[PDB]
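J.: This one's experimental. Sequence and coordinates below.
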Amino acid sequence: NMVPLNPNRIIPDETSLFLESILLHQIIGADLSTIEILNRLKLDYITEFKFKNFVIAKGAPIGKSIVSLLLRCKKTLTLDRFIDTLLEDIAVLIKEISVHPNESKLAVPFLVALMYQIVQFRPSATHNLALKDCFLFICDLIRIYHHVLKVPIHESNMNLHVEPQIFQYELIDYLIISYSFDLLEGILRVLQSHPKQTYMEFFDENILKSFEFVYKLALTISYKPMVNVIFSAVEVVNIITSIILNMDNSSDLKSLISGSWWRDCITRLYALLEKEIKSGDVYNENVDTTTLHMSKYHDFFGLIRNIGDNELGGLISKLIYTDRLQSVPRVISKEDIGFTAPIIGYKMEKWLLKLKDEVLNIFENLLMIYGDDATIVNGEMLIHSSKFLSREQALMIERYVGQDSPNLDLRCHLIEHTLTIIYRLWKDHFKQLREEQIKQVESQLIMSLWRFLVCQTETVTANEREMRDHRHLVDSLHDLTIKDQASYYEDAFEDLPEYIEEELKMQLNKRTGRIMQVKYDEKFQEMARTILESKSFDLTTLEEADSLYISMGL
Amino acid sequence: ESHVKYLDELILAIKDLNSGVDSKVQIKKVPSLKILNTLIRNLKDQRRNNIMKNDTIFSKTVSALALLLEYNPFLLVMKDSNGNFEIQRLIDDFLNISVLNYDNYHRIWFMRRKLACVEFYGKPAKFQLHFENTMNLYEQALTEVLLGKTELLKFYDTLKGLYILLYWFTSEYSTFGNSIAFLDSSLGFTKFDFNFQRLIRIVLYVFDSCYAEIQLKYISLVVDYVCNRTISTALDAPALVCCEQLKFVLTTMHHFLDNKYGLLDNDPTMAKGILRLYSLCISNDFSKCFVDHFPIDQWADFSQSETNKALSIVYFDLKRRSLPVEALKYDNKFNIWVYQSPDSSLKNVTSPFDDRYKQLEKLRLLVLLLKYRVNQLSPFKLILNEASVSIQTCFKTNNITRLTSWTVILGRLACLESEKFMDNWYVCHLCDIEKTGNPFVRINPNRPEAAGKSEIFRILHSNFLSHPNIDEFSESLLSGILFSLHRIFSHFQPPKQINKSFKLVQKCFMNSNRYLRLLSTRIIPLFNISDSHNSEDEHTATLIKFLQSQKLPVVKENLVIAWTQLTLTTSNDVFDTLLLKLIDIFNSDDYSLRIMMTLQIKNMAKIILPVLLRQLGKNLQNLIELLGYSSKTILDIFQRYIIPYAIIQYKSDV
């Protein structure tokens, strides 16, 4: 039952693939090809530059110098070797392109586009030594641009916005900072996706200190926050969590980390999370430290997350003349970039939903991380998690459901997961809770519990008609997508085999009933019951509980 | 058919056996004790090839598993006391069920979502931190191929296995749990993205190194991994999430066409597949995603040489992409055609009742609304009054759907006619978009009214106010017309009407179905905000007398939360005295309610004290303790207290 050999492929060599792919890449949004963008680059105010058989003349073709180095080192190196060689050369490049008085940095970001395409290309057996070389080099690159993410809390009465009005060097350094943090992202996640063996060899307290510099710079509590860097930094925190949940004895890396730094991270996570979601002006500026407003100043995808309008893409192309070797970027209006259809706003409502998914998701993850307690282990997790539960319960019911916009589905799946969070709390972590905390908020926890304890009527459905009516009232947008999906985009959405038309009807029944704020899962209500109706703390003795029992019926 | 009565009694009596009470999970290992044998048997009565040619009865068989395990969540991780769970020893059992569901993709999706179940599957599993073991075996057989020394039937079975594993790692989240390590992160971009992208490189190379209908299904999945993994989150122009995956599938389709086999006749698939694929692609900016990874220059073969009449429509849409003005006016009812000397077929060249849909829809897009949606689903001023008269007719005789088929329309069109202060327009800003602070500081009082200036309300009283439905009918339709009135009055200061509001709120209390409960409360602020008659005067207090006069804690929160929200939302020293009464309601009274009053005090802080403190002191911890985190600051405000009270009271005693 053998299967014969199949070696007669005309195999494209991995090195050749890498080469051609870089050689003709065009990025998501612009108009022009990577290497040739490069071919429109001259590094002028540094009249000579040279590191390792890598001469460039004064007015020389940067881009051709690239393709030169590329091809020559081609018949030198293998795949990984070609990576690390580029990485070192481009690193020296970027470093000096950085440290220079009159130098403009046009090339830097585009080379950072390199950085991505490159390092992403094949992270299979790449070694952390090279990774960290690039990595540290860019973190301290960032501290060479640490003059960004700590710009003040607001425009002062004197601070003007009269301007050269350039979006140029703004977008320049924005791409720089972002792309750079985005490096941090990508290479650090190639770390996390490397074999577990090659891990602690990279982690020193230098990671803590350098990333501590940048984090403090980033998730400001005394400046403007900046949603993209907010993203990046916090997922690096997530990277810490990742190495925790992955290293079997993660106690190694934990002991590496410092208590003050866990604090200066989780506290700023609190600062992040007790902000709010208001699609009302997600696209303007309002109360700060409270709104993740991704303004056009920095609104595109980011080197991974295809977030939306990506409205900067072609403006990436508009940066070079795409006809002449050049050093300083081509002009763009700071304002032409960016009432037609707020459906983009609602794409983003789904995304910032994925963000608060991240918020609760990392908090869950650290929850499971600390099976044993710690110093930042303090219970304010119980407080604030339950607090968020309360607020997205009450304001949920009074505002967001019924507004015929599919944000509510994920807006509720959020707290449906926070249910698991709290139920994790009930099972595991009830050997620390402070009387201090329980009686600082006897209020909100009982609110949370009774939110489903009043839901546990379990007395709605009884037919199709009323709930399908609810649906026709609210589920308009959700059905727009339901019918786009059933009519456009699915194998399963044709030829129901007669055992799933009922699945259609009752699943839509359950989803609409679960849409209108009421009758959540039997699992939900009983798991919450195992917490309150169990008397493990004196929340609920009968003498002060039957007033709620009667307030439910009972 | 055979054990049909047995299954009927089973499902009926076990649905009866929801729990000892309505409290139904049974979170713990339950202390009957007869579900071990039936646990084994529900899957032990199905492995029989004489009962494996029918969809529905096996679907009921697997829904039996759904019920058994769903309502014994103490089954999966039950500590099979070697070291393991029973989700682990259902892994191999459900693999046979997923071999049946390999073909039935619909059933596979359902099974994945169905199977504390998934939470617990990786709750103590992540605490124990089987996956290391399975990944070792995977790498093993994976590398065992590539060179070609595998079985024939483990070949087949596990080739389907590779495809199904790819489908698993490629599906959306909200089904799978976060239980596994490698799904943790969010923003739609979590960890195994790239460990699975490394797995993708691996599968690409190995299967390039790799029965007609087999290749059919193969390219079906080649589409599928990027075809059924969308985040959508939009209107009719939805979102496909990973471009790398997109172009990778494009190039493997290229390699398949290069081989030129897996061509099977009767066209169950070819046409449909290719059509759907390029349709999806078109408008979407990833033209450049397509450009490289797949031109069909060879098998395009549109010289009458070369199922074979379906890649022609993708060639037609590529000519539409060419686009320069040579194209002309719509004649054959097809697209605005172009100079042909050509034009291949009609919008359904091959029309097995679904290919027609896909193509004709896509090609229709070549043309260079929510409000329109339901209108066409049941295919202005004239529309207004024609609606009025036709609804007179519809409530003439016991309609229940096309009758109520007008309420939401009424509302949203009130929104549009307010806006006119219908062309391309749907859900609207104040009507339907939240903001930072108070929704009800957001609303505008001195806006128009309903009486006749809104013929919407004119028809509203015409057919929905003086009706026997308000008396004793339309359990929920009479509610839907009130969500209409919701948005209506939202856009319109109403008159007092409140006769509906009052008995409506008391209804909302009892409610029977807990749907009406806070619904009235949602209603109230509309009445509360007001102008043009008792804007901010007694009107609210008038409601208040009503409300406070209601005292029952039966459906307590209806009585109480709204009681708050009104006064809450109201303006200054008025609501100040109101919150004085509210902190009275929290003062020392109905521990069920004083506490919750504090809860929603925190709530309003989310979205009086000195006066009361001094008062109660003169008269004679929780509140201040919760407020300031410690009561000792009372020194700060003790000024007007110690001086004016605490001594003159009972000159010698106190």
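T.: Now that the structure is in, tell me what you want to look at. Residues are numbered from 1 along each chain as shown, chains lettered A, B, ... in the order given.
J.: how close does residue A:195 sit to chain B?
T.: 10 Å (Cβ to the nearest Cβ, to the nearest Å). Placement of C-beta: from N, CA and C, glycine included.
J.: Tell me if that residue really is in a helix.
T.: No. Under DSSP: H, G, I helix; E, B strand; the rest coil, residue A:195 falls outside any helix and is assigned coil.
J.: Determine the number of other residues adjacent to it.
T.: Neighbourhood size, residue A:195 [other Cβ atoms under 10 Å in any protein chain shown]: 8.
J.: ok, now residue A:390?
T.: Neighbours of residue A:390 under the rule other Cβ under 10 Å: 25.
J.: residues contacting it?
T.: By Cβ atoms under 8 Å, 6 or more residues apart in numbering or on different chains, the residues touching residue A:390 are A:444, A:447-448, A:451, B:599, B:602-603, B:606.
J.: quick one, what contacts the residue nearest the centre of chain A?
T.: Nearest to the geometric centre of chain A sits residue A:231, at 4.7 Å (Cα atoms, centre = their mean). Counting by Cβ under 8 Å, 6+ apart, residue A:231 touches A:302, A:305, A:355, B:187.
J.: Equivalent analysis for residue A:242, please.
T.: Counted by Cβ under 8 Å, 6+ apart, residue A:242 has contacts A:192, B:184-185, B:191.
J.: coming back round to it: can you select the buried ones from the contacts of residue A:390 in PyMOL?
T.: Under the burial definition 16 or more other Cβ atoms under 10 Å in any protein chain shown, those of the contacts of residue A:390 that qualify are selected in PyMOL by:
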select buried, (chain A and resi 444+447+448+451) or (chain B and resi 599+602+603)
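J.: Using a markdown table, lay out the contacts of residue A:390 together with distance to residue A:285 and secondary structure.
T.: Shown next, in a markdown table, are the contacts of residue A:390 (distance: Cβ to Cβ, whole Å; DSSP: H, G, I helix; E, B strand; the rest coil):
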| residue | distance to residue A:285 | secondary structure |
| --- | --- | --- |
| A:444 | 31 | helix |
| A:447 | 33 | helix |
| A:448 | 33 | helix |
| A:451 | 34 | helix |
| B:599 | 32 | helix |
| B:602 | 28 | helix |
| B:603 | 27 | helix |
| B:606 | 22 | helix |
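J.: from the contacts of residue A:390, which is closest to residue A:245?
T.: Residue A:245 lies nearest to residue A:448 out of these, by Cβ to Cβ, at 26.3 Å.
J.: surely the closest one meets residue A:393?
T.: Yes. Residue A:448 is within contact range of residue A:393, at 6.9 Å (criterion: Cβ atoms under 8 Å).
J.: Mutual contacts of these two, please.
T.: Common neighbours of residue A:448 and residue A:393 (Cβ under 8 Å, 6+ apart) do not exist.
J.: Save the contacts of residue A:390 as JSON lines, and put in distance to residue B:362 too.
T.: As requested, the contacts of residue A:390 are exported to JSON lines (distance: Cβ to Cβ, whole Å):
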{"residue": "A:444", "distance to residue B:362": "52"}
{"residue": "A:447", "distance to residue B:362": "51"}
{"residue": "A:448", "distance to residue B:362": "48"}
{"residue": "A:451", "distance to residue B:362": "46"}
{"residue": "B:599", "distance to residue B:362": "54"}
{"residue": "B:602", "distance to residue B:362": "53"}
{"residue": "B:603", "distance to residue B:362": "50"}
{"residue": "B:606", "distance to residue B:362": "48"}
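J.: of all the contacts of residue A:390, which comes closest to residue B:179?
T.: Using Cβ to Cβ, those come closest to residue B:179 at residue A:448, 23.4 Å.
J.: Contacts only, for that closest one.
T.: A:386, A:389-390, A:393, A:422.
J.: could you redo the last one with a cut-off of 6 Å?
T.: A:386, A:389-390 (Cβ atoms under 6 Å, 6 or more residues apart in numbering or on different chains).
J.: Count the neighbours of the residue nearest to residue B:85 when sequence neighbours are not counted for me.
T.: Leaving aside its sequence neighbours, residue B:85 sits nearest to residue B:77 (Cβ to Cβ, 6 or more residues apart in numbering or on different chains; 4.4 Å). Per other Cβ under 10 Å, the neighbour tally for residue B:77 reads 22.
J.: now residue B:77, what's its secondary structure?
T.: Per three-state DSSP, residue B:77 ends up coil.
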